[PDB]
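Visitor: Below is one structure. I have some questions about it.
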Amino acid sequence: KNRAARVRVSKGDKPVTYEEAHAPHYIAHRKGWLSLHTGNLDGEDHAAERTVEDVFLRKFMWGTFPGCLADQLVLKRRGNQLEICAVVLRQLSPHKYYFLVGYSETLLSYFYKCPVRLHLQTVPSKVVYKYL
Amino acid sequence: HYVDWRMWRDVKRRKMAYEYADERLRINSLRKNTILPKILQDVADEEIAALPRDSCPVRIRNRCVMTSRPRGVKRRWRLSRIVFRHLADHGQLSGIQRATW
Amino acid sequence: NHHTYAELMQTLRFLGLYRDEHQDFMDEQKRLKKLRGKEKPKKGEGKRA
Amino acid sequence: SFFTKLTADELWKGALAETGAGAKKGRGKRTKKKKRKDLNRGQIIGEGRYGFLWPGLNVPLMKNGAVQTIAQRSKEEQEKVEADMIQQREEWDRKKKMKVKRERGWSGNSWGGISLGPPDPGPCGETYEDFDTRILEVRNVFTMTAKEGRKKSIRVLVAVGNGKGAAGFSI
Amino acid sequence: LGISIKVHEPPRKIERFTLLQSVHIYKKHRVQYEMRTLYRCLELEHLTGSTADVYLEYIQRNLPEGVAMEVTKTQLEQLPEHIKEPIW
Amino acid sequence: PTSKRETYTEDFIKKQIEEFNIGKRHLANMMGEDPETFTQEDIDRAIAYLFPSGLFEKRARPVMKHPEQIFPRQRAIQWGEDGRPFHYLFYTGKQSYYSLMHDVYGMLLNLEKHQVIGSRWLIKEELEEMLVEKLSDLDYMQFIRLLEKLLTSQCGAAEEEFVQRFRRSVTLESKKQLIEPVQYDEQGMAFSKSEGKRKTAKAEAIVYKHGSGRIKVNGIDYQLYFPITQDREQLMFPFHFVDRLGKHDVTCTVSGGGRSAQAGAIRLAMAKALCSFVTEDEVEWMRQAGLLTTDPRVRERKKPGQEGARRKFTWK
Amino acid sequence: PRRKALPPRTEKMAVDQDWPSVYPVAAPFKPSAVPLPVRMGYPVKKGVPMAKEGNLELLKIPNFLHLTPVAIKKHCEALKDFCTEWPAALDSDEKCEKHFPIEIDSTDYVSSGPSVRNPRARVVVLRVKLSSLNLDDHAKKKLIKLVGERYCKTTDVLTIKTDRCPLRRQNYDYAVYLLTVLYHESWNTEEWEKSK
Amino acid sequence: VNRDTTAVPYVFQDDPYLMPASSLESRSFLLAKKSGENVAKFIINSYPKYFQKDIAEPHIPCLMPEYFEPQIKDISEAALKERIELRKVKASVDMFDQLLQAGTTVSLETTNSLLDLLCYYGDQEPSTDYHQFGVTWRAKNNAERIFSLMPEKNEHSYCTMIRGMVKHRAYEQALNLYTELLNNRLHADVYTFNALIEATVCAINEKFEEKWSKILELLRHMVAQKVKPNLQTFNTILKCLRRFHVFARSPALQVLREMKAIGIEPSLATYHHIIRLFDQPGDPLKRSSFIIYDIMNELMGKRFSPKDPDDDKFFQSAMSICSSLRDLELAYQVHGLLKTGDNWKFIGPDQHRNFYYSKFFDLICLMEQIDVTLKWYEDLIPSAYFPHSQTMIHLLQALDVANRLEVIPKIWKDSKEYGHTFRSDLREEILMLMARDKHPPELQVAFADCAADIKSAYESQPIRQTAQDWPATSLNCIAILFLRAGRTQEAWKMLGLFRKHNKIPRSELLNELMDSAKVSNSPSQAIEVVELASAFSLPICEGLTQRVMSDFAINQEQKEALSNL
RNA sequence: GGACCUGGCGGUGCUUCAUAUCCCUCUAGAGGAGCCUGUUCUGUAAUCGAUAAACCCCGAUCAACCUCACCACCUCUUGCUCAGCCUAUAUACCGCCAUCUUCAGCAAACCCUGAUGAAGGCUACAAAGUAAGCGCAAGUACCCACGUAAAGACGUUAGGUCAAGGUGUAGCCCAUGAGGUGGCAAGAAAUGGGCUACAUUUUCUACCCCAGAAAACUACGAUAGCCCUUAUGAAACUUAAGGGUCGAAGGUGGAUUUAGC
Ligand SMILES: [K+]
Ligand SMILES: [K+]
Ligand SMILES: [K+]
Ligand SMILES: [K+]
Ligand SMILES: [K+]
Ligand SMILES: [K+]
Ligand SMILES: [K+]
Ligand SMILES: [K+]
Ligand SMILES: [Mg+2]
Ligand SMILES: [Mg+2]
Ligand SMILES: [Mg+2]
Ligand SMILES: [Mg+2]
Ligand SMILES: [Mg+2]
Ligand SMILES: [Mg+2]
Ligand SMILES: [Mg+2]
Ligand SMILES: [Mg+2]
Ligand SMILES: [Mg+2]
Ligand SMILES: [Mg+2]
Ligand SMILES: [Mg+2]
Ligand SMILES: [Mg+2]
Ligand SMILES: [Mg+2]
């Protein structure tokens, strides 16, 4: 049976998110896309280089904001700019958040030669869609 | 820090194919004609065959950039079917959705 | 260039700014095998000779 | 490489083998169960091997009313921090390797005679703090099923009493 | 801004491709993916260089993520001096 | 327990009514409209511009509706502080369903003492909204059996109103072909234009009111354009059925498809354009003959694991 | 002790404020800034759509909160000092082909990414009718034989497409050079043109 | 687009948890974000090879790693100029001797480019990412050693030496070095003359009359060497004259009347040094008032451009002089001159900015109508600046004067959002004002809702080093706000805290407690009131006790009450 | 050992069914010949894996070198990597799947029955069941309401894959690692799937549907063999295309069997 991106049923004590509660056949019906660029449009190029940046950015943020990411990243590209939008927990102190914003923005701007901006949206606790 | 030695060999192959690209092009041009004498074309057949084997572009293999898989690779994303689906099944590839018609 | 990606995030982990959960995993498994006796031998001075 | 690295959740899920064919029908011994450990429990954001002190993250941003600058611990001072950390972890392991001496019942491995505490309080302001629960028998009953085959089920017999003439049992 | 503009919608394109469902064997079981590209042509007329410059910058800057653009410009020129009469 | 059914009280819904009214005045300031005359259709239009979503499911897109159309109707508290249920049939479990059966059974006894198209019985799913009670299939049938029994009897005026509540309405679209508007050309000849479709073929046909039975497909005589007789037979069919051959002049232009797909597309176009020069009764006969219906049979796609659309690879 | 989050500024917002000042430029959906009870998501059985707080579906959307009608009308009023007036004389398109018989094509591509380069931006197409050129019988007959399939008899338009050089300013100069040599070579009668 | 009055500065994250509450967080949240950019550049220049790859088109030169380490590792004349552009003071001075020791000819343009780097920093290394009091001009410093070695010295040589001494408070020596310049038949530049006026006065603390004669000699030498003064030359004179507050008043104006004649548009700094000189802590401030009025009219309706570093300080100075004069018509001109063009960038750093708005919003509340004072409070705060306790207390004294005590339940919610949740002086002026007089029920029940939120603050406090302390007045007021409101039940639970902390209860709280008990008609409670007052030995209790006895007191209780005394 | 429970099975019964399905019935095929291709045997110094249904043009949307893991010979040793391993174990696993599924179940939490045994739980003119959640369903995609996709729970077969990658355990560390040069991957035989044919409803040509020829030892019929040329490539008897020569079997296929409304 199909397994991809599916959270198997449990007693009911497992909390899943909206994105985690929907399988691949809902990606364009009930879900959007976590990355939005033009590489995959008809007649566009550099789809393999925008993809490698996304795989690394999601890992850079997961290891740079450990335990603070409630949900997956939403990467946005507008021309030269790259916008990282994230939902984070409120456990960490704000002082440490501002440090990580200026460190990640600057480091990633010199690495991908592009203006990078990061927009945090803190949430008290991980939003729960339903309990599987 | 590449996936495996197989990937590392191709990296060298692709680096040596970029250095001799012009030299090989200029020598083949002589061979690929009916104008120049055979004597000169026979000397160019020995010059391009004496260059390192890794400069030949037919030895370059389009492997995956994450798992170095030689077959089942998509050229537009340079990914294997397994790595492509993983990112596509999680909605990480802009525009990629499952087809139903 | 896997070198750049693999060398940057190795340096950032030693500087404390990136937490690699995969290395921690295999840093702890390699630490629990020294206590169990399964330690990598010195080169040259191997089991065979 | 750096793109062939997974997360902690994926690494432990494969190492524990909790969900597998072996677990399903008594095909795996419990002599040496593998145990999950959190490798991020005692980690501070900004602490690395080089011993760098990052203002605003690792250490206080301002000292003596003035902003600090980037500094790096000395070898002598960084060697004391790694050894004092290892104490933290070394503790967890053996502590988590001690035993809670359950007042045994009729036998050491027997469930019978063990206390389960008082019953759960009722919703409409009902409590049974004066009652005591004691196990009498714990049997493992099996039944043949159409798809799974031999599935394991538990039958338990208990008694409750207040010590003042009121008592009952259930299954 | 006082520009004449007409809008129509060209037929969309759907690129599809198939991949093996399993890591190993099971050839008969595959998965199909698609990319949908939708178009929208805005044909403006009788502009000038300055007018097109600011307008294009304004809409180009506000172009949303996941949306490309192809601006085709048809410029009006005059016959070159040499083309006016032959060099007898 | 972590999973609890999201219960919404009257005080919570009362605070949601105030946030929508205030949000309705903010959305009108963004768009520059008058707050007072800002209906719900404009909110749906403003939320689709400010929050453009292309999700196929329309229930998964941004929505800013009134809290009475979002939150579901909930069974209200069914007892006072003392604890006595208001209704006398509370302990039945279906006090709303049984109070209705008790009322209907009480009106059928009075009748003994003193003694249609376009309408359908309320469906099960629509009857659980009037009562806010889950109902089985069998219970719904029992209720319908009493209403029908009520109708057969000589019910009074009041009873008719009672039954009418449970009778929903169905709009039936008259199966009548839409006549095309007869036009006039520069010379003054009357004609009617229509369009047809068959497989991948699309055709436009112009049917002149008076003619000598001349047909030109793409500027070519039909017999030249259609060598195969079958194709010509299809062209004749519409006119032969209405027994008016050699009376109209046709000028059509078919594009796409193949030999047999083009004729079918022209047949349907001529037939539709020939309904303007025939009586209503004749148009119904054409419809019953299958001359005004668009054949929906189109090629079926091939599946990844099979040789064909439905053919399977040989089983070893 | 544990830091406590402040109440959202939405409550402070007035109904008769200036929205453009809140969302002057493109930004992601901030539920603490948007004073709308907008929900999104597919509801569960006997459930309602997810609220904006913590909604990752409203962050994926490329919103147009920065491009409200009031703003556009306010933005373009300030951009009328950059635009120039189109000559009133040129009413229709037939009059534009009398004073400007040459039409130059050039395309710009806008894609996301760090690099703005595109090899498709070098192509230049030059269209010009032969009725606007000072040609005679011989010249016109000879010019149609040199261009081959670049001339369409149905429209009497010569189309020159140049993609040889990297830059678009070089291909425009090359297309104007080709038009001159073809015009000056069409008027020149050789001695081998008598064997026609 | 204008400013969003409901939001904090754009630099901060638009999120309630990440929004800076107080003014300390505001400055500490931007220093932690600047520490991430320094910790990233540290890593970008220490390990460039990771960031050398360039994929941008067009090339971004500002997103590439810097290379400070010198490359030319040889010993030539062109290898030294590469260590002077990288400001490597130690390497250049150590590599110069080796080059000089060899005997290779050194141009005069390359040794003058080394003195500039040594005379500027004073033979000290510049600050780096990672590796005030007194005089920093050491006597055993390279600047003086290399100066003697040089075989030939031009004008630039001395010019860049005199400026290096004054910068490191070596005033006395620069004047001795300026006599040699005169002995070599040379001519100094404007920059060299600028520092000579700073050194002259600073060198000795003599009376102004002597100094004025001295300064005039340099200016007369400046006109004898065909030297034209610039803005900074005049700016030093005004800055130097600051010490002689009174005496310099008239002379400073002369300097300003010579800047116009010779066409030198005074900048914001030139006016900032005049007002400071004129400004003094004097009650009349008669002279100061006229000066600012004339200055503002001249500056009125102008756009400014940076010329001197002191230009920023002007706005802070003007507002301070306006708050001392208590003139609001003059504060609307200064703040109206800060909005024209892009003059809003001269306001200054965060410290200067908060001081300017504080003095500003404090003169608005006091002086103007309370309806507009609440429009400036919604605009500036928090988008412009976070308020300090004294500003919320200054606002509370305006509502009291404007009989608008219904906004105090809104001023306290804001205070909690601006970091004044646990400010003793703030809570001690809010409770007294609310409890000062009786108010209608609807307004009396709102004050009780603020006293129940102000009472929680005392119960839970951030600092646990000391035992929780309740001011005498607060407890005195929180209890009387419950009675009037109607929360009698809670009014009796606060009685124990009065004696627990030995806090004396006022008579107005006891007198009003009688009505509550009388309405309840429960003598028991009434005795409790008498018991509490008796504990403090209050005189009124003895007289009050008799009245309670007459009205509603049990016979047994009456006997006990007298004995208790 | 006696008596029960559940489940499975039955060359077990009744009744009702199967719509491309069990059988008959409709249509084109398979097995027959040649070729292509895979597998198994055999062979070779010379991989691995899948392998009843659910393997067999399967991993491979692909092997001249490379790919490559194989063999033979030579070489290196902190080694592209704060090493490395295509080394063993899929019966430690994640991950991705197959299958029954062309199903309709699945289930927490309660309640009741059976004397409080495993177990069980319906009757509508109603007799103990109520049920969130998962699935089906509904929605959605494609040309609608149809149909086709997709979806398809829990489980089953310790099903498949450590050789996608990662990984637990045990093992190698001057070698079970790494690199270079050359090289094999065949065919007595058997078998699966497919292509082309055995022709006249055909063959060739013109046309694209009103034609003229052909037509059994110079007919139909090879995409095979042999020879040449060309294309790609550093490299081709070798791969592919084309031309020339050649003109075989085969004359409709045993037992059985596949797909399709
Ligand atoms: K049985
Ligand atoms: K056959
Ligand atoms: K065969
Ligand atoms: K598995
Ligand atoms: K393994
Ligand atoms: K593996
Ligand atoms: K076959
Ligand atoms: K044939
Ligand atoms: Mg060749
Ligand atoms: Mg024991
Ligand atoms: Mg399937
Ligand atoms: Mg077919
Ligand atoms: Mg094999
Ligand atoms: Mg080889
Ligand atoms: Mg090997
Ligand atoms: Mg298995
Ligand atoms: Mg359907
Ligand atoms: Mg299917
Ligand atoms: Mg479905
Ligand atoms: Mg023949
Ligand atoms: Mg042949």
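In the structure tokens, chains take letters A, B, ... by order of appearance, with residues numbered from 1 within each chain and ligands from 1 in the order shown.
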Compile a residue-level contact table for chain B against chain F at a cut-off of 12 Å, reporting for every qualifying residue the shortest atom pair and its distance in Å to one decimal, with only C-alpha atoms counted, rows ordered by chain and ascending number, as JSON lines.
Guide:
{"residue": "B:95", "atom": "CA", "partner": "F:54", "partner_atom": "CA", "distance": 11.7}
{"residue": "B:97", "atom": "CA", "partner": "F:55", "partner_atom": "CA", "distance": 11.8}
{"residue": "B:99", "atom": "CA", "partner": "F:304", "partner_atom": "CA", "distance": 11.7}
{"residue": "B:100", "atom": "CA", "partner": "F:301", "partner_atom": "CA", "distance": 10.7}
{"residue": "B:101", "atom": "CA", "partner": "F:301", "partner_atom": "CA", "distance": 8.0}
Visitor: Mind listing the residues within 10 Å of ligand 13, only C-alpha atoms (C1' of nucleotides) and all ligand atoms counted, as a ChimeraX atom specification?
Guide: /I:38-40,47-50,56
Visitor: Near residue 90 (chain A), within 9 Å and counting only C-alpha atoms (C1' of nucleotides), which residues show up once chain neighbours fewer than 2 positions away are dropped, as a ChimeraX atom specification?
Guide: /A:68,88,92-94,122-125 /G:3,5 /H:17-18
Visitor: Store the residues of this selection in a file with N, CA and C atoms, as a PDB file, in the first residue's frame.
Guide:
ATOM      1  N   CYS A  68      12.713  25.032  17.711  1.00  0.00           N
ATOM      2  CA  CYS A  68      11.901  26.234  17.617  1.00  0.00           C
ATOM      3  C   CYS A  68      10.952  26.255  16.430  1.00  0.00           C
ATOM      4  N   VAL A  88       7.501  29.786  14.532  1.00  0.00           N
ATOM      5  CA  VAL A  88       8.425  29.374  15.576  1.00  0.00           C
ATOM      6  C   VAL A  88       7.744  29.393  16.934  1.00  0.00           C
ATOM      7  N   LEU A  92      12.140  30.103  23.186  1.00  0.00           N
ATOM      8  CA  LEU A  92      13.414  30.803  23.128  1.00  0.00           C
ATOM      9  C   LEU A  92      13.229  32.290  23.394  1.00  0.00           C
ATOM     10  N   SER A  93      14.249  32.896  23.993  1.00  0.00           N
ATOM     11  CA  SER A  93      14.184  34.309  24.305  1.00  0.00           C
ATOM     12  C   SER A  93      14.294  35.155  23.037  1.00  0.00           C
ATOM     13  N   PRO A  94      13.661  36.331  23.025  1.00  0.00           N
ATOM     14  CA  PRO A  94      13.744  37.188  21.837  1.00  0.00           C
ATOM     15  C   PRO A  94      15.158  37.618  21.500  1.00  0.00           C
ATOM     16  N   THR A 122       5.896  33.855  15.663  1.00  0.00           N
ATOM     17  CA  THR A 122       5.904  33.015  16.851  1.00  0.00           C
ATOM     18  C   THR A 122       4.502  32.517  17.176  1.00  0.00           C
ATOM     19  N   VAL A 123       4.424  31.286  17.670  1.00  0.00           N
ATOM     20  CA  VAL A 123       3.166  30.720  18.147  1.00  0.00           C
ATOM     21  C   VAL A 123       3.403  30.092  19.514  1.00  0.00           C
ATOM     22  N   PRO A 124       2.439  30.153  20.429  1.00  0.00           N
ATOM     23  CA  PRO A 124       2.633  29.544  21.751  1.00  0.00           C
ATOM     24  C   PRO A 124       2.988  28.070  21.681  1.00  0.00           C
ATOM     25  N   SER A 125       2.137  27.291  21.020  1.00  0.00           N
ATOM     26  CA  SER A 125       2.346  25.862  20.882  1.00  0.00           C
ATOM     27  C   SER A 125       1.970  25.429  19.476  1.00  0.00           C
TER      28      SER A 125
ATOM     29  N   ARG G   3       8.446  35.230  29.607  1.00  0.00           N
ATOM     30  CA  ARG G   3       7.924  36.353  28.840  1.00  0.00           C
ATOM     31  C   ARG G   3       6.516  36.063  28.345  1.00  0.00           C
ATOM     32  N   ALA G   5       3.447  37.275  25.656  1.00  0.00           N
ATOM     33  CA  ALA G   5       3.187  37.992  24.416  1.00  0.00           C
ATOM     34  C   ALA G   5       2.185  39.120  24.622  1.00  0.00           C
TER      35      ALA G   5
ATOM     36  N   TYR H  17       5.284  38.669  20.342  1.00  0.00           N
ATOM     37  CA  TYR H  17       6.297  38.116  21.228  1.00  0.00           C
ATOM     38  C   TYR H  17       7.669  38.701  20.944  1.00  0.00           C
ATOM     39  N   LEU H  18       7.930  39.070  19.696  1.00  0.00           N
ATOM     40  CA  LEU H  18       9.197  39.642  19.287  1.00  0.00           C
ATOM     41  C   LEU H  18       9.161  41.158  19.240  1.00  0.00           C
TER      42      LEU H  18
END
Visitor: With a distance threshold of 10 Å and counting only C-alpha atoms (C1' of nucleotides), extract the residues of chain B near chain I and express them as number ranges by chain.
Guide: B: 1-11, 13, 24, 28, 45-64, 66-74, 80-83, 85-86, 98-101
Visitor: Around ligand 16, which protein and nucleic acid residues have at least one atom no more than 10 Å from it, if we count only C-alpha atoms (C1' of nucleotides) and all ligand atoms? List them as a PDB file with N, CA and C atoms (P, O5', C5', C4', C3', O3' and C1' of nucleotides), in the first residue's frame.
Guide:
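Final file, out33.pdb:
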ATOM      1  N   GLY D  20       7.685  -3.371  13.263  1.00  0.00           N
ATOM      2  CA  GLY D  20       8.239  -4.323  12.320  1.00  0.00           C
ATOM      3  C   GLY D  20       7.545  -5.658  12.469  1.00  0.00           C
ATOM      4  N   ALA D  21       7.844  -6.551  11.525  1.00  0.00           N
ATOM      5  CA  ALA D  21       7.252  -7.886  11.554  1.00  0.00           C
ATOM      6  C   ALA D  21       7.603  -8.620  12.841  1.00  0.00           C
TER       7      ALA D  21
ATOM      8  P     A I  90      18.602 -12.116   5.453  1.00  0.00           P
ATOM      9  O5'   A I  90      17.559 -10.992   5.873  1.00  0.00           O
ATOM     10  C5'   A I  90      17.633  -9.682   5.325  1.00  0.00           C
ATOM     11  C4'   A I  90      16.356  -8.920   5.566  1.00  0.00           C
ATOM     12  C3'   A I  90      15.154  -9.376   4.743  1.00  0.00           C
ATOM     13  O3'   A I  90      13.977  -9.233   5.533  1.00  0.00           O
ATOM     14  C1'   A I  90      15.521  -7.101   4.374  1.00  0.00           C
ATOM     15  P     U I  91      12.928 -10.433   5.692  1.00  0.00           P
ATOM     16  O5'   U I  91      13.205 -10.977   7.160  1.00  0.00           O
ATOM     17  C5'   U I  91      13.222 -10.085   8.270  1.00  0.00           C
ATOM     18  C4'   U I  91      14.163 -10.538   9.358  1.00  0.00           C
ATOM     19  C3'   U I  91      15.574 -10.890   8.903  1.00  0.00           C
ATOM     20  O3'   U I  91      16.518 -10.566   9.925  1.00  0.00           O
ATOM     21  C1'   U I  91      14.589 -12.777   9.894  1.00  0.00           C
ATOM     22  P     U I 157       1.728 -13.127   8.367  1.00  0.00           P
ATOM     23  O5'   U I 157       2.472 -14.016   7.274  1.00  0.00           O
ATOM     24  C5'   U I 157       1.758 -14.928   6.455  1.00  0.00           C
ATOM     25  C4'   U I 157       2.213 -14.860   5.018  1.00  0.00           C
ATOM     26  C3'   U I 157       3.683 -14.547   4.803  1.00  0.00           C
ATOM     27  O3'   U I 157       4.490 -15.711   4.889  1.00  0.00           O
ATOM     28  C1'   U I 157       2.333 -13.234   3.345  1.00  0.00           C
ATOM     29  P     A I 158       5.678 -15.850   5.966  1.00  0.00           P
ATOM     30  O5'   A I 158       5.998 -14.368   6.440  1.00  0.00           O
ATOM     31  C5'   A I 158       6.339 -14.104   7.798  1.00  0.00           C
ATOM     32  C4'   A I 158       7.184 -12.865   7.934  1.00  0.00           C
ATOM     33  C3'   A I 158       8.399 -12.803   7.006  1.00  0.00           C
ATOM     34  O3'   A I 158       8.501 -11.501   6.438  1.00  0.00           O
ATOM     35  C1'   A I 158       9.068 -12.439   9.238  1.00  0.00           C
ATOM     36  P     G I 159       9.010 -11.329   4.932  1.00  0.00           P
ATOM     37  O5'   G I 159       7.687 -11.540   4.076  1.00  0.00           O
ATOM     38  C5'   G I 159       7.450 -12.744   3.364  1.00  0.00           C
ATOM     39  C4'   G I 159       7.270 -12.455   1.902  1.00  0.00           C
ATOM     40  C3'   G I 159       8.367 -11.591   1.303  1.00  0.00           C
ATOM     41  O3'   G I 159       9.456 -12.362   0.824  1.00  0.00           O
ATOM     42  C1'   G I 159       6.277 -10.603   0.862  1.00  0.00           C
ATOM     43  P     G I 160      10.943 -11.769   0.832  1.00  0.00           P
ATOM     44  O5'   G I 160      10.832 -10.500  -0.107  1.00  0.00           O
ATOM     45  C5'   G I 160      11.027 -10.635  -1.500  1.00  0.00           C
ATOM     46  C4'   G I 160      11.152  -9.301  -2.176  1.00  0.00           C
ATOM     47  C3'   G I 160      12.285  -8.426  -1.706  1.00  0.00           C
ATOM     48  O3'   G I 160      13.559  -8.852  -2.156  1.00  0.00           O
ATOM     49  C1'   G I 160      10.343  -7.127  -1.969  1.00  0.00           C
ATOM     50  P     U I 161      14.749  -9.080  -1.101  1.00  0.00           P
ATOM     51  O5'   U I 161      15.817  -7.961  -1.478  1.00  0.00           O
ATOM     52  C5'   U I 161      15.807  -7.354  -2.758  1.00  0.00           C
ATOM     53  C4'   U I 161      15.839  -5.849  -2.693  1.00  0.00           C
ATOM     54  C3'   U I 161      16.765  -5.227  -1.666  1.00  0.00           C
ATOM     55  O3'   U I 161      18.112  -5.181  -2.111  1.00  0.00           O
ATOM     56  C1'   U I 161      14.669  -4.118  -1.654  1.00  0.00           C
TER      57        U I 161
END
Visitor: Point out the residue among I:133, I:79, I:117, I:8 with the least atom-to-atom distance to chain G, counting only C-alpha atoms (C1' of nucleotides).
Guide: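 Smallest separation from chain G among the options: I:133.
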